[PDB]
Amino acid sequence: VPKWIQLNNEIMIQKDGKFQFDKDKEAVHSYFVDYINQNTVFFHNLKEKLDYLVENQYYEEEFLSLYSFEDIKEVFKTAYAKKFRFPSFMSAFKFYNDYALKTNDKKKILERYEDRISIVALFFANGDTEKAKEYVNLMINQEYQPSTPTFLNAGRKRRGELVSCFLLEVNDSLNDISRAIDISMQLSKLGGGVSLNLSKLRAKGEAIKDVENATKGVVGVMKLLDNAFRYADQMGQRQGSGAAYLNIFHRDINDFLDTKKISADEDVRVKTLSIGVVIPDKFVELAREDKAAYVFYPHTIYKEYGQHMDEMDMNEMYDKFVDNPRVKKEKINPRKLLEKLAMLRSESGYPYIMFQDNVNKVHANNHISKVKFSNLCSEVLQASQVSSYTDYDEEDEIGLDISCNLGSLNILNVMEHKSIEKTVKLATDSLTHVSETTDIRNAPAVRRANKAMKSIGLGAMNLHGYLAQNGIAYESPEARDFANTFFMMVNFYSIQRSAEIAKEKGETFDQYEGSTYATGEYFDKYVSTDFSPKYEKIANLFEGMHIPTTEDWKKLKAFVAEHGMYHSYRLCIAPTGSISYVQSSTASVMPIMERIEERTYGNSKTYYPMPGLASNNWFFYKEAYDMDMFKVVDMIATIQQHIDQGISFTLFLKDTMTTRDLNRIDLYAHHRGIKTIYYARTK
Amino acid sequence: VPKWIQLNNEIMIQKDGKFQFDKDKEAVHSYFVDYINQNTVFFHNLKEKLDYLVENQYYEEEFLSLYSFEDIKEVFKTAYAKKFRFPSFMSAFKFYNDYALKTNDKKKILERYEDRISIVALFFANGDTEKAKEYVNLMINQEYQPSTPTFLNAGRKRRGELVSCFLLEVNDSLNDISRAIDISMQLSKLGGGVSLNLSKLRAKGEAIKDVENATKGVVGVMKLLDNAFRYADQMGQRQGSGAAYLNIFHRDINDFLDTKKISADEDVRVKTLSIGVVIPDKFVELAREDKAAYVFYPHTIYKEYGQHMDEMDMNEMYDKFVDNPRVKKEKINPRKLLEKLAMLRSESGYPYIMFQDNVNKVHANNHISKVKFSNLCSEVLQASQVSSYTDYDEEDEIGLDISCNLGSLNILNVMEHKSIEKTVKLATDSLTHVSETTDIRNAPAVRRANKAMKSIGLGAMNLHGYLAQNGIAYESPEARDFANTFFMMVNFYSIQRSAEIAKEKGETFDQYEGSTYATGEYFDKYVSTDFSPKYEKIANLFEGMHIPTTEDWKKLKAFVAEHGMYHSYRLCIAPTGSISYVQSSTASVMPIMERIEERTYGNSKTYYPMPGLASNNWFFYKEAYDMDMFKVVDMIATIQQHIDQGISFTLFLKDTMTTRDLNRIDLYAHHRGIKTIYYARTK
Amino acid sequence: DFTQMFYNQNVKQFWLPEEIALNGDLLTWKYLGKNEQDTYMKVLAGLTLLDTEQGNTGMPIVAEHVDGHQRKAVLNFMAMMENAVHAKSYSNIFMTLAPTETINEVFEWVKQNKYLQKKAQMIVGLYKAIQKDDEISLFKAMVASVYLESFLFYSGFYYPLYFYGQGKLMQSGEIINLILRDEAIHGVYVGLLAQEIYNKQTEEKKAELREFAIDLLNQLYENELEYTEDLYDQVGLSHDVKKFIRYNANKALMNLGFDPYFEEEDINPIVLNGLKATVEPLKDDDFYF
Amino acid sequence: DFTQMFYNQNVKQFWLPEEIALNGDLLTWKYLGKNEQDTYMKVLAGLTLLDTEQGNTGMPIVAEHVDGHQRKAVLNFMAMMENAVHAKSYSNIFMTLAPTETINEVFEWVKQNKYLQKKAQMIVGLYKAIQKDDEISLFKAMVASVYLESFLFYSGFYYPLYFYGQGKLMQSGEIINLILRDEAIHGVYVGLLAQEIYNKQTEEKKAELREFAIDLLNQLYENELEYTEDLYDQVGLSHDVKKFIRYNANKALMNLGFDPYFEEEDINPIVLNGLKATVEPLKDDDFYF
Ligand SMILES: Nc1ncnc2c1ncn2[C@@H]1O[C@H](COP(=O)(O)OP(=O)(O)OP(=O)(O)O)[C@@H](O)[C@H]1O
Ligand SMILES: Nc1ncnc2c1ncn2[C@@H]1O[C@H](COP(=O)(O)OP(=O)(O)OP(=O)(O)O)[C@@H](O)[C@H]1O
Ligand SMILES: Cc1cn([C@H]2C[C@H](O)[C@@H](COP(=O)(O)OP(=O)(O)OP(=O)(O)O)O2)c(=O)[nH]c1=O
Ligand SMILES: [Mg+2]
Ligand SMILES: [Mg+2]
Ligand SMILES: [Mn+2]
Ligand SMILES: [Mn+2]
Ligand SMILES: [Mn+2]
Ligand SMILES: [Mn+2]
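The structure is reproduced here in C-alpha cells:
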C-alpha cells in the first residue's frame with residue numbers, strides 16, 4: 006500500500022470522535038512527493054517540452070502555431086504563477102489518471118494541471134495571448150471547467166471529438182434507420198454519447214409497402230442500435246453508451262419499456278442502450294382524470310395527416326387521433342403506465358422522463374421545432390428536424406441533429422471571486438470556439454445543426470458544496486433564493502455574451518428571427534419579475550457583484566432585439582461526472598449522495614470527503630437520499646426557470662419508499678415545471 | 006382431413022407388398038376437382054382477368070403494354086394448349102401454395118400454372134410474341150425453370166427482386182462496415198440472400214489509428230450483420246438469411262468458427278448468419294505435411310504490402326508473410342483446424358467450404374479479381390472488387406459486388422425433348438433479360454457489377470431423376486459419363502448463346518479482353534479432349550442430338566475470339582429447393598435424400614415420392630446417405646469441370662461415420678477439383 | 016432433454032411476497048357480501064392447506080427418489096417456492112383480510128371439512144407409499160403431484176381469478192396469479208418426470224398405469240364436484256367452476272402425456288380476463322489418393 | 016427468537032451466478048501456471064462435491080426432521096442455494112475458463128480422489144443415520160453439517176480468496192465471496208439448532224456429545240491435512256492453507272457453542288484482503322399539489 010493511500014484511509018480513523026479530514030491534504034502532498042513528481046517528465050525548458058509533444062504526435066501544430074513561443078511561455082507562466090494545489094487526494098488522482106497527458110507506454114506523466122490548463126486556454130483563444138491568459142486565470146482559479154471531452158482532448162492530436170452529447174432524429178424508413186445506425190457508430194467512435202429519437206418510427210405490426218403486420222417496431226431498431234453501440238466502444242476503452250427516446254403515446258411504449266425489465270428475454274432486452282420516455286401533458290391529464298388513454302400507430306397518423314405523431318401537439322391532436330377511424334390505436338391505462346414507469350425506475354433507474362410541454366412552454370425555438378427528446382444525460386433540450394436519408398445516388402434532405410457544447414461553472418469558485426459575469430462570458434466564448442472548431446464529416450445533420458444553431462451548454466456545479474460551506478441547507482428556501490439569483494445572473498450574462506458575439510460577428514443563429522428572443526417574449530418574466538435575493542444572507546453572499554434588475558433586463562432585451570443572439574441555446578446543466586473531482590466540487594447542481602465516498606481502485610481503497618466537509622458543516626452536507634425529494638424538485642425547478650435547456654435531475658430514493666412515492670415525485674416535478682428527470686438511484 | 010390428403014397418404018398403405026404410387030395421381034385430381042378449381046377465380050375472358058390483375062396492383066402494366074391483347078391471348082392459348090397436368094399432388098400443392106398468385110386476403114387463386122408461365126414468358130420476351138411463345142413452350146414442357154424469385158415475382162406489381170443471391174465485399178473500415186450492414190438490410194428487404202466477405206476486416210486485437218488491441222474482429226461485424234438480417238426478414242414472412250465468409254488464414258478463423266459451436270456464449274453465438282470458410286491450397290498443403298501453420302492479422306499485411314491478405318495469392322506469399330517481422334501472425338495447427346471444421350460440420354452443417362485454388366485455377370476472370378468467397382448457397386464463384394465507401398460528402402469508390410440470376414434446366418425434360426441447345430439458349434436469353442431489367446438503387450456495387458459483369462447462373466435439376474428413370478446408378482461411371490457429356494453440351498451452347506448475344510448487341514462484359522475466353526485458354530481442354538459419351542447406353546441417350554466435338558469447340562472458340570462473350574459467368578448450379586417440387590424433379594444435381602419424403606403441412610402429413618419412383622426403379626433411386634460420398638464427389642467434379650461457377654454440393658453423411666471420414670471426404674473433394682462444399686447433412 | 020430449460024424458467028420466475036402491497040384490497044373487500052367473503056376465506060384456506068402438504072412432503076419426497084443432480088436442484092427450487100414464498104404469501108393475504116380469531120376459525124372449519132380432507136389425504140397417501148428404488152410407486156406419486164399442481168388447485172384458484180377479472184381484490188389476485196404460474200410449471204415438470212418412468216415400462220404395464228391414472232382422476236373429480244357445490248352454490252357459480260375443473264383436468268392429463276378425458280368447453284370470460310460425431314484424428318495418408 | 020431474522024437474511028441474500036459476467040477473468044486465468052490452474056480446478060471441484068451433497072441430502076434431511084414451518088422454510092431455502100445456486104456456479108466458472116476435456120477430467124478426478132471420497136462418506140453417512148424422533152442422531156448430523164459449512168469448505172475457499180486478494184480472477188472471486196457469505200450464515204443457523212438439542216441433555220450426555228464433536232473434528236481434520244497437501248504442495252501453499260483451516264475449525268466449534276481447539280496463528284494477509310420494489314396504486318390525490 007502506497008503512503009498517500011494510507012494517509013487517505015487515515016481519514017476514516019476517528020480522532021477525538023472526529024474524522025481526520027486534514028489528513029487528506031497530507032495525502033495529496035505524498036501523492037505528489039512520492040508518485041506524481043517521480044513519474045512526471047521534465048524538460049530543460051518549455052520550448053523542448055512543446056517540441057517533444059508536437060513531434061511525438063501528442064499535440065496539434067495548428068493551435069500552437071497561432072502564437073509566438075513568447076506568448077505560449079507567458080501563458081504557461083500565468084498558469085504556474087497561481088501555484089495551484091489540489092486540496093484533496095482524489096482531485097489530483099482523478100486528474101492524473103483521467104486527464105493528464107501520458108506517454109504512449111502510459112508510465113510517465115507529460116502534462117501537469119497547469120500544462121493541461123495552458124494548452125486548453127491556448128486552444129480556446131485561437132491566437133489571442135491576452136484571451137489565453139484570461140482563460141488560464143479562469144481555469145486555474147477553477148471558476149470554469151470545460152467538459153471532459155474538451156478538457157481532455159483540447160490541443161491533442163490523438164483525440165476524439167470535443168462534443169460528446171449527440172441527439173439524432175430517425176425517420177421512419179430502412180434507409181434512415183441504417184443511416185442512424187451508421188451515424189451512431191461514427192459518433193461513438195468519436196467518443197460521444199448518442200441519443201436517438203425513435204418516436205417517428207412506426208410501431209410493431211404496421212405496414213411496409215401495403216403489406217400488413219410487417220414492421221418489427223422500435224424494439225428491433227433498439228436491438229440494432231444496441232449492437233452498434235456495443236461494437237463502437239471507443240476502440241475498446243469505454244463501454245459504448247447510447248440512449249433511445251420514445252413518446253409515451255407511441256404504441257411500442259410498453260415493449261420499449263419491456264426492454265429494461267429483468268424478466269425480458271435475450272431477444273427483447275437491450276443492455277447498453279439507455280431508454281427515455283417523452284411524456285406530453287396530455288398523458289398526465291389522462292392519468293390524472295383516470296380516463297383510459299390510447300397509444301397510436303405512428304404510420305397511420307402519418308398517412309392520415311402527412312406529419313409524424315411526435316411532430317404535432319398531442320394536446321390538440323389526441324382527440325382527433327382517437328376520433329379518426331383511419332388512425333389505428335390501442336387502449337391503455339395511463340395510471341398503469343405511470344406505475345410501470347415508476348417500477349422500472351425503481352428496478353433499474355430507467356427510463357428517463359421528458360415532460361414535453363414543460364420543455365416546450367418555455368422553449369425559445371418552437372418555430373424551428375418543438376423539443377421532442379433529450380440526450381443520454383437528459384439535459385439537452387433543443388429543436389431538431391428529422392432528415393430524409395434517401396437511397397444511394399439520390400440527394401438526402403439533411404435536417405438538424407442536436408449536438409451542444411458542454412462546460413460547467415464552479416459556483417463556489419465563481420461566487421467567491423465575485424466574477425459571475427466574467428466567468429460566464431469567457432465560458433460562452435470558449436464554448437463558441439469549440440462549437441466552431443467542431444467538424445464531423447460522418448454526421449451530416451449534426452454538422453449542419455452545429456453550423457446553424459451554434460448551440461452551447463453552459464452548466465454549473467458545486468451548488469451543494471457552495472451552499473454547505475456557507476451554512477445553507479440544500480432544501481432551505483434560502484438555497485432556492487440563491488439558486489434563483491445566481492442562475493438568473495448566469496442567464497443574463499449568457500444572453501448578453503451571445504448578443505455581443507452576434508453583434509461582433511454580424512450573424513445570429515439560423516431562424517433566430519422566429520425565436521422568442523427576437524420577439525422579446527423570452528424576456529417577459531425578466532422585465533416584470535425581480536430576481537434579486539429575498540433573504541439578507543443571500544444578498545450578502547452576492548455582495549460585491551451587480552445583480553441585474555428589471556431595467557437591466559429591459560436593456561438586454563433591447564440589445565438582443567437590435568443585435569440578435571448568436572447561440573440558439575446557451576445553458577444546460579450536465580451531470581459533470583469526473584471533472585467535479587478535479588475541480589474539488591460536488592457533481593452538477595445535484596445534492597451530494599454521500600458525505601465521504603469509498604472507492605476501490607485496483608486492489609486499494611480510497612476515501613473522498615465532499616469538498617470543504619468538516620465538523621462545522623457536516624450537518625449542512627446532508628446526503629441526497631436523506632433529503633425530501635419535493636424540495637430537491639423545487640430547487641431544480643427554481644434553477645430550470647433560468648436555464649433554456651434542461652438539467653440532469655437524478656432522483657435519490659430510499660429503499661423504503663414505493664412506486665407511489667416515485668410517481669408522486671415525478672408528478673410534482675411535472676407540476677413544478679421540471680423538464681427532465683434523469684435517474685432514480687435507490688440507496 | 007381432405008380427400009386428396011387421404012389419397013396421398015394411401016401411397017404408403019402397401020397393396021400386395023408394393024407402394025401405391027398411382028394413388029398419388031388420384032390425389033392431384035382430387036386436389037384440383039375439390040380445392041383448386043373451386044378456389045380459382047374465373048373471368049369471362051382473358052381481357053377481364055388481365056384488367057382486374059392490372060388495376061388491382063397485381064401485375065405491372067408496363068411489360069403487358071408491350072404486347073397487343075391478341076398476342077397475349079395467343080401466348081396464353083399456347084400455354085393452355087399443352088394441357089399440362091401435375092403428375093404428383095405435391096407439385097401442384099407447392100405451386101399453388103408458394104408460387105401461384107392469390108388475392109390480397111389470400112382466400113382465392115388468381116393464377117394457374119399456365120397463367121404464371123404465360124406471365125413469366127411475356128416478361129421474358131419483352132415485346133416479342135414469338136419469343137414469348139418459345140418461353141411458354143419451354144416452361145410448360147418444364148424444360149427450363151426460372152428461379153423462385155424470377156418465377157414467383159416476374160410481372161408482379163407487389164414483387165421483390167428477381168435476383169436470388171447477392172455477394173458483398175466488406176472493406177476494413179467503419180464506414181464500409183456500416184454500408185455493408187445497410188446494403189445487407191436493403192437486399193434482405195428485397196428478398197435476396199446476402200453473402201459478405203469478412204476476410205478484409207482486420208482481426209481482433211488490431212489497431213484503429215495507433216491505439217492497439219482495439220478492434221472487435223470479424224465477430225463483432227458478424228453480430229452486427231446477424232442483427233441486421235434478423236431485422237430485415239422479408240417483412241416477417243421468410244427469416245432473413247445471411248452468409249459470412251472468412252479466409253482460413255484470417256486470425257479470427259477460430260472465433261469465426263466459434264460462432265457456430267453449440268456451446269458458444271450469447272455474446273459470440275450467431276444464429277441467423279451462415280458461415281463459410283475459404284481454404285487456399287496452401288492450408289491443405291500445410292495440413293497434409295503436418296507443419297504448423299500461421300493465421301495472419303489482415304491490417305498488418307495491408308500496412309506492409311498495401312494490399313489485403315485475401316487480395317493476393319497465399320500459395321506464393323505465405324512464406325513472405327511468415328518471414329516478415331512487420332506482419333503479425335498466430336501459430337495454429339492446420340490439422341486441428343481441419344478437425345474443428347469437420348466437427349462443426351457434423352454438429353451444425355457449418356461452415357461452407359470454398360477451395361479457393363480449385364475455384365481460381367479454372368476461373369476465367371482472374372484478371373478482374375480472384376474469387377475470394379461464395380454466396381449463401383456456396384455455388385456462386387465470381388470476381389469481386391471491394392468498394393471504398395468513404396465519409397459523408399466524399400465520393401465513394403464503387404467496386405464490384407457479385408449478383409447473378411438463377412435458372413435451372415430440367416435434365417429429364419431437356420433430354421426427353423432432345424433440346425439441350427434450344428433450352429440452353431432460351432434460358433440464357435431469359436437470364437440476360439432478368440439481369441438487364443434488374444436495377445437495385447440501394448446497392449451501388451451490386452448495380453455496377455450487374456451492369457458490367459452481366460453474370461447469369463444457369464443451373465440444372467433432375468440429374469438423379471433422369472439417371473434413375475433411365476436405369477443408371479448415380480454412382481456408376483455411366484452416370485458420370487452422362488453428366489460429362491450433358492454439361493459439356495450445356496457449356497458449349499451457353500458459350501455460343503453468350504457470344505451470339507455479344508455479337509447482336511456489339512458489347513461484351515466489362516474487362517472481357519483479359520479473360521481466358523478472349524485469350525482462348527478457356528477452350529483448351531475443349532479443343533484437345535473429346536467429351537462424347539464413352540458408353541453405348543449414354544450415347545443412345547444422347548441420340549437425336551448433335552454432341553459437340555473438338556471441331557465444334559474450335560469453331561466456338563474462333564467465334565468467341567471474333568465476337569466476345571456477353572456474360573462473364575453463365576452456369577451455376579443452385580440447390581433449387583422448393584421449385585424442384587413444381588417441376589417434378591429431384592433437387593439440383595444432388596442425389597435424392599429419401600425415396601419418399603414425409604412432410605407435415607398444417608395438421609396434416611403428406612408423402613412425396615421421388616419423380617418417377619416405382620418398383621422397377623426403386624433401387625436406382627438410391628438415397629444419398631446410403632451412397633459413397635467419394636463417388637458423389639466424383640460426379641460433382643465431373644459436372645464442375647464444365648461449370649464456370651460452383652455447384653451447391655451438400656454432403657450426405659451417416660451418424661456412424663466420424664469427423665475423420667468428413668475430413669477425408671473434404672480432402673478428396675479438394676483433390677478432385679471441387680470448388681465449394683455446401684452442407685454436411687447427417688442422417 | 017428438459018431439466019436445464021426448466022431450471023432457467025423456474026429461477027427467472029423468482030418472486031417474494033413483500034413485492035405486492037396488500038392493504039389496498041380492503042377497499043374492495045369491505046364491499047363483498049357475507050357469502051362472498053365466506054367462500055373466499057374457505058377457498059383460500061383450502062389452497063393453503065394443500066400447498067403446505069406439497070411443500071413439506073410432495074416436492075421433497077419426489078426430490079429424494081428422483082436420480083440426477085440437476086433434477087434434484089430444480090425440485091429443491093420448487094420445494095423452496097412452496098415453503099418460503101407461497102406459504103408466506105397465503106399467510107399475508109389472510110392476515111390482511113381477516114382478524115386473527117377469524118383466521119383460526121376458518122382453518123378449524125376447513126381442517127374438518129369432508130371434501131377438502133378427502134382429496135388432501137388421497138394425495139398424501141400416495142406420497143407416503145413411495146418405496147426406495149421402486150419407480151412404479153414413484154410414478155404413482157408423480158401422478159398425484161401433477162393432479163394437485165395442475166388440477167386440484169383450480170377449483171380454488173377460480174374465485175380469486177373471478178374477482179381479479181372484475182377489478183376486485185387486485186393485490187391478492189396478483190399474488191394468486193404468481194402462485195398459479197409457479198404451480199403450472201411445477202405440474203409440467205413433474206409430468207415430464209412421470210412420462211420418463213412411464214416410457215420405460217412394457218405395454219401391459221403402461222396400460223395398467225393408464226388405468227391407475229384415470230381411476231385416480233375419476234375419484235378426485237367426483238370429490239371436486241362435491242367440494243365445488245359445497246363452496247360455490249351460495250354464490251351461484253358452481254356450473255362455471257365445474258367447466259374450469261374439467262378444462263384443468265385435461266391440462267393435467269396432457270402433462271402426463273395422456274389424452275384429454277373431457278370434451279372441450281369454453282371458460283367463464285371474467286376468469287379468463289383474470290388468467309456430436311465421434312472425433313477421430315487425421316492419421317495422414319488421408320491427404321493422398 | 017432467531018428463525019425469522021435468518022429467513023429475512025437468507026431471502027435478501029438471494030443471487031444467481033449469471034448476475035456476474037465471467038469473461039473478465041479470461042486473461043488472469045490464461046496467465047497462471049499449469050500447477051496453479053490444476054489446483055484451482057480441483058479445489059472448486061471439491062467444493063462442487065460438498066455442495067452437491069449438502070443440497071441433495073444434508074439440508075433436505077435436516078429440514079425433514081426439524082419441527083416448525085418457518086424453520087423448515089429456512090432450511091429448504093438453504094438447500095436450494097446449495098444445489099441450485101452454489102454447486103451450479105462452479106460449472107459457470109469451469110465453462111468459462113476451461114475446455115470440456117479438462118472439465119470432464121476434473122469431475123473424474125473427484126470420483127477417484129480418496130480424501131474427497133472419505134469426507135463425503137463420513138458426512139453423508141451421518142446424514143443418512145438420522146432416525147425419526149431421535150434428537151441425538153439429528154444432533155450428530157447437524158454437527159457434521161456445521162463442520163461442512165464452517166470448516167471443510169475452507170481448504171477450497173482459500174485459493175479463490177488468495178487470488179481475489181491479489182487482484183486476480185476477481186469475477187470468479189466475487190462468486191466465491193457470495194457463496195462464502197451464504198455458508199457463514201448457514202453454519203451459524205445449523206449451529207443454533209444443534210445447541211438447542213445439546214442443551215436438552217444431562218451433563219453426562221453433554222460430555223459424550225462433546226467427545227463425539229471433537230473426535231469427529233479431529234478425524235475430518237487429519238483427512239483434510241492430507242487433502243490440503245495433495246492439492247497445495249504443487250503451488251507451495253500447504254502450510255498457509257493449514258493455518259486457515261484451523262482458524263475456521265475454531266469458528267465451526269464456536270458455531271456449536273464450544274471453546275476453540277486450535278491455537279491462533281497469523282493468516283496470509285492476502286487472503287484477509289480476499290474477504309423489485311413495493312408497488313402502490315396511484316390515488317387521485319397524488320395528481321394534485
Ligand atoms: N497539494 C498539491 N497539489 C499540487 N501539487 C502539489 C501539491 N503538493 C505538492 N505538489 C507539487 O510538489 C511540489 C513540492 O511542493 P512542496 O509542498 O514540497 O513545496 P513548494 O514550496 O510548493 O515547492 P516548489 O519549490 O516545488 O514550488 C510543488 O511545487 C508541486 O509541483
Ligand atoms: N393433375 C392436374 N394438373 C393440372 N390441372 C388439373 C389436374 N387434374 C385436374 N386438373 C384441372 O381440373 C380439370 C378437371 O378436368 P379433368 O382433368 O378431370 O378432365 P376433363 O373434365 O375430361 O377435361 P380435361 O382433362 O380435357 O381438362 C382439368 O380440366 C384441369 O383444368
Ligand atoms: C470504429 C471501430 C473500428 N473497428 C475496426 C473495424 C474496422 O474494420 C477497422 C477499421 O476502422 P476504420 O473506420 O478504418 O477506422 P480509422 O480509419 O479511423 O482507423 P485506420 O486509419 O487505422 O483505418 O476498425 C472496431 O472494431 N470497432 C470500432 O469501434
Ligand atoms: Mg418509407
Ligand atoms: Mg480506415
Ligand atoms: Mn405452492
Ligand atoms: Mn407447486
Ligand atoms: Mn453451499
Ligand atoms: Mn451451506
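Chains as they are written, first to last, in the deposited numbering: chain A, 6 to 688; chain B, 6 to 688; chain D, 16 to 290, 309 to 322; chain C, 16 to 290, 309 to 322. The beta-carbon is built from N, C-alpha and C at its ideal position, and this holds for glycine as well.
Distance between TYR321 (chain C) and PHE166 (chain D), taken at the CA atoms: about 48 Å. Taking all protein chains in view, the Cβ of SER374 (chain B) is crowded by 16 or more other Cβ atoms within 10 Å, so the residue is classified as buried. For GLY281 (chain A), the uninterrupted beta strand (DSSP E) run begins and ends at 278-284, by DSSP. Along the stretch 170-217 of chain B, the beta strand (DSSP E) occurs as fully enclosed runs of 3 or more residues at 170-174 and 198-202, listed in sequence order. For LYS78 (chain A), the CB contacts under 7 Å within the same chain, skipping 5 residues up- and downstream, are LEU51 in chain order. With its beta carbon at least 7 Å from every one in chain A, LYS456 (chain B) lies outside the interface. Residue selection by CB proximity (closer than 5 Å to any heavy atom of ligand 6) returns D:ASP66, D:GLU97 and D:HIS101 in chain order. With distances taken between CA atoms, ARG677 (chain A) lies nearest to A:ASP362 out of A:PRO614, A:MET615 and A:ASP362.
Chain-order list of chain A residues neighbouring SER183 (chain B): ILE186, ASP187 and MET190, by C-beta distance under 7 Å. The secondary-structure analysis by DSSP pairs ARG161 (chain A) across a beta bridge with A:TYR64.
The stretch 238-283 of chain B is shown to contain whole beta strand (DSSP E) runs of 3 or more residues at 247-252, in chain order.
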